[PDB]
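A.B. asks: Next up is a structure, given as structure tokens.
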Amino acid sequence: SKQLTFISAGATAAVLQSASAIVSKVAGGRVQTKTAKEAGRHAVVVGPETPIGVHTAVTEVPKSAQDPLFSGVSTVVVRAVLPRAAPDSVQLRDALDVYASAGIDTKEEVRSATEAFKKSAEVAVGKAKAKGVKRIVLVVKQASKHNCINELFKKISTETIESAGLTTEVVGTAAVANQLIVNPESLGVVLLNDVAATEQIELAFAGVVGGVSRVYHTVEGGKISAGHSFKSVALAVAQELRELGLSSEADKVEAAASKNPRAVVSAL
Amino acid sequence: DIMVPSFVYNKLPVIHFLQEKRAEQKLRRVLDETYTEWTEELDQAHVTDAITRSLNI
């Protein structure tokens, strides 16, 4: 009756097959599992690549799945995601910086980027207010190529955050990544500008913590789960089932993920 | 038969000269309005740069 939408973005067939087996064995057939390329709700996206239709890329450190090494840490990493076009078409993150060099008009693209950053900034400040932190950390790659997209990102993110009344501290990519992996307790909320390096940093943090499920906020309004490994996908499915209103099944999947990461399907 | 013909004959040279000058002026104006328009086309280096970015390099 109900439907779970599986999105594949750069994920090996093994992970997708594992996710399908897990949901089928745990759900028992009550909720069907359909595959697609875009969704707004009841969706799990498998693979490092960012799907189409997501504007925010928040990720946290769930208490249940905390690795013993990272016990007690509490930091929220939100990556701003610009609208994604077709693979052949030039992405906005690159168009916004190359068209300016070429002299082409960049009004509509700036407007779209501004809207995405405002939404991401609103999500970040809401998380910061909920956690109680006073200052957030902006992350912008300091490469000369990305001298326009980051500039707009800073100009808008700081504007929105200052309007909300919180402080912002700008930093690069290498220093923040090292701090987040080594000393993450000194960062409460970190926003990341839309770059490939930032995406890798988000994945590394999501994996080093012990394997977690990232939350994507879409344009339509909602939250969709995202995973890239067996454990992360299993946690993403468990959260998705919990959202549908299944508690015991979600707990079983979470326990199986904690015990046997790579073979949860057989473990449960 | 006599007077108007004579005065027309007297007019002819000046009018011919003025009309020749007028035609020369027209030709000169035609020539003066000609300019070579050098068009500018998007440099292919930017195209190459965008191709590289699409590769995720």
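Simple scheme: letters A, B, ... for chains in structure tokens order, numbers from 1 for residues in each chain, numbers from 1 for ligands in the order shown.
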Hey, which bits of chain A sit within 7 Å of chain B, and for each residue what's the closest pair of atoms and how far apart in Å (one decimal), counting only C-alpha atoms, rows by chain and increasing number, as CSV?
C.D. replies:
```
residue,atom,partner,partner_atom,distance
A:90,CA,B:54,CA,6.7
A:94,CA,B:53,CA,6.9
A:98,CA,B:50,CA,6.9
A:102,CA,B:46,CA,6.4
```
A.B. asks: DSSP on the backbone: which residues in range 64-111 of chain A end up as helix (DSSP H, G or I)? Give the answer as a ChimeraX atom specification.
C.D. replies: /A:92-102,107-111
A.B. asks: From the options A:141, A:41, A:127, A:146, which residue's atoms come nearest to residue 93 in chain A, counting only C-alpha atoms?
C.D. replies: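 Of A:141, A:41, A:127, A:146, the one nearest residue 93 in chain A is A:146, counting only C-alpha atoms.
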A.B. asks: Using DSSP on the backbone coordinates, identify all residues within range 32-258 of chain A classified as strand (DSSP E or B); present the result as number ranges by chain.
C.D. replies: A: 32-36, 43-46, 54-59, 76-80, 135-139, 167-171, 189-192, 214-218, 223-227
A.B. asks: Just write the chosen residues, C-alpha atoms, as a PDB file, in the first residue's frame.
C.D. replies:
```
ATOM      1  CA  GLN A  32       6.080  -1.423  -1.354  1.00  0.00           C
ATOM      2  CA  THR A  33       9.519  -0.214  -2.444  1.00  0.00           C
ATOM      3  CA  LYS A  34       9.591   1.614  -5.781  1.00  0.00           C
ATOM      4  CA  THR A  35      12.644   3.058  -7.527  1.00  0.00           C
ATOM      5  CA  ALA A  36      12.828   6.544  -9.033  1.00  0.00           C
ATOM      6  CA  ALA A  43      12.560   8.713   0.025  1.00  0.00           C
ATOM      7  CA  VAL A  44      15.955   7.106   0.603  1.00  0.00           C
ATOM      8  CA  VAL A  45      18.863   8.117  -1.644  1.00  0.00           C
ATOM      9  CA  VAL A  46      21.821   5.745  -1.974  1.00  0.00           C
ATOM     10  CA  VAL A  54      17.440  18.746  -2.610  1.00  0.00           C
ATOM     11  CA  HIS A  55      18.451  22.171  -1.289  1.00  0.00           C
ATOM     12  CA  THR A  56      19.775  21.349   2.199  1.00  0.00           C
ATOM     13  CA  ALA A  57      22.150  18.546   3.196  1.00  0.00           C
ATOM     14  CA  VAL A  58      22.062  18.511   6.989  1.00  0.00           C
ATOM     15  CA  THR A  59      23.763  15.785   9.015  1.00  0.00           C
ATOM     16  CA  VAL A  76      25.675  19.663  13.064  1.00  0.00           C
ATOM     17  CA  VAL A  77      27.141  19.879   9.554  1.00  0.00           C
ATOM     18  CA  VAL A  78      24.753  21.430   7.019  1.00  0.00           C
ATOM     19  CA  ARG A  79      25.802  21.538   3.366  1.00  0.00           C
ATOM     20  CA  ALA A  80      24.013  24.002   1.095  1.00  0.00           C
ATOM     21  CA  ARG A 135      28.111  31.405  16.511  1.00  0.00           C
ATOM     22  CA  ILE A 136      28.164  29.226  13.403  1.00  0.00           C
ATOM     23  CA  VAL A 137      31.140  28.368  11.202  1.00  0.00           C
ATOM     24  CA  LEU A 138      30.927  29.001   7.465  1.00  0.00           C
ATOM     25  CA  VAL A 139      33.119  26.822   5.243  1.00  0.00           C
ATOM     26  CA  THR A 167      27.588  35.308  14.773  1.00  0.00           C
ATOM     27  CA  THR A 168      29.430  33.808  11.805  1.00  0.00           C
ATOM     28  CA  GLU A 169      33.069  32.736  11.478  1.00  0.00           C
ATOM     29  CA  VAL A 170      34.373  32.088   7.962  1.00  0.00           C
ATOM     30  CA  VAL A 171      37.002  29.394   7.366  1.00  0.00           C
ATOM     31  CA  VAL A 189      27.065  24.265  13.774  1.00  0.00           C
ATOM     32  CA  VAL A 190      29.067  24.339  10.540  1.00  0.00           C
ATOM     33  CA  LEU A 191      27.586  25.389   7.201  1.00  0.00           C
ATOM     34  CA  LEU A 192      29.327  24.315   3.991  1.00  0.00           C
ATOM     35  CA  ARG A 214      22.185  12.307   6.186  1.00  0.00           C
ATOM     36  CA  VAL A 215      18.971  14.332   5.994  1.00  0.00           C
ATOM     37  CA  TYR A 216      18.119  16.169   2.776  1.00  0.00           C
ATOM     38  CA  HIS A 217      15.577  18.992   2.770  1.00  0.00           C
ATOM     39  CA  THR A 218      13.953  19.318  -0.655  1.00  0.00           C
ATOM     40  CA  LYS A 223      13.036  15.355   4.772  1.00  0.00           C
ATOM     41  CA  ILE A 224      14.516  12.422   2.851  1.00  0.00           C
ATOM     42  CA  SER A 225      17.140  10.005   4.145  1.00  0.00           C
ATOM     43  CA  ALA A 226      20.510   9.488   2.479  1.00  0.00           C
ATOM     44  CA  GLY A 227      23.150   6.800   2.831  1.00  0.00           C
TER      45      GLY A 227
END
```
A.B. asks: Could you pull the residues within 8 Å of residue 22 in chain A, counting only C-alpha atoms, minus those fewer than 2 positions along the same chain, as a list in words?
C.D. replies: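 Residues meeting the cut-off are residues 18, 19, 20, 24, 25, 26, 234, 264 and 265 of chain A.
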A.B. asks: Store the residues picked out above, limited to C-alpha atoms, as a PDB file, in the first residue's frame.
C.D. replies:
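Below is the file that was written, part31.pdb:
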```pdb
ATOM      1  CA  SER A  18      21.199  -4.824   0.123  1.00  0.00           C
ATOM      2  CA  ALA A  19      18.786  -1.971   0.848  1.00  0.00           C
ATOM      3  CA  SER A  20      15.998  -3.678  -1.105  1.00  0.00           C
ATOM      4  CA  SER A  24      11.590  -6.413   2.099  1.00  0.00           C
ATOM      5  CA  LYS A  25      12.657  -8.679   4.967  1.00  0.00           C
ATOM      6  CA  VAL A  26      11.869  -6.161   7.718  1.00  0.00           C
ATOM      7  CA  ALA A 234      20.546   0.634   6.992  1.00  0.00           C
ATOM      8  CA  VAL A 264      22.791  -6.369   8.405  1.00  0.00           C
ATOM      9  CA  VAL A 265      20.355  -8.200   6.120  1.00  0.00           C
TER      10      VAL A 265
END
```
A.B. asks: Which one is closest to residue 41 in chain B: A:206, A:103, A:110, A:246? Count only C-alpha atoms.
C.D. replies: A:103
A.B. asks: Please provide the set of residues having any atom within 12 Å of residue 111 in chain A, restricted to only C-alpha atoms, with same-chain residues fewer than 2 positions apart removed, written as a list in words.
C.D. replies: residues 82, 83, 92, 96, 105, 106, 107, 108, 109, 113, 114, 115, 116, 117, 118, 152 and 156 of chain A
A.B. asks: What is the CA of residue 253 in chain A to CA of residue 70 in chain A distance in Å?
C.D. replies: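 Computing it gives 21.5 Å between the two atoms.
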A.B. asks: Neighbours of residue 185 in chain A within 10 Å (only C-alpha atoms; same-chain residues fewer than 4 positions away dropped), as a ChimeraX atom specification?
C.D. replies: /A:70,72-75,179-181
A.B. asks: Counting only C-alpha atoms, which residue out of A:256, A:238, A:21, A:39 sits closest to residue 6 in chain A?
C.D. replies: A:39
A.B. asks: Which residues come within 9 Å of residue 62 in chain A, counting only C-alpha atoms, excluding same-chain residues fewer than 2 positions away, as a ChimeraX atom specification?
C.D. replies: /A:60,64-66,74,212-213
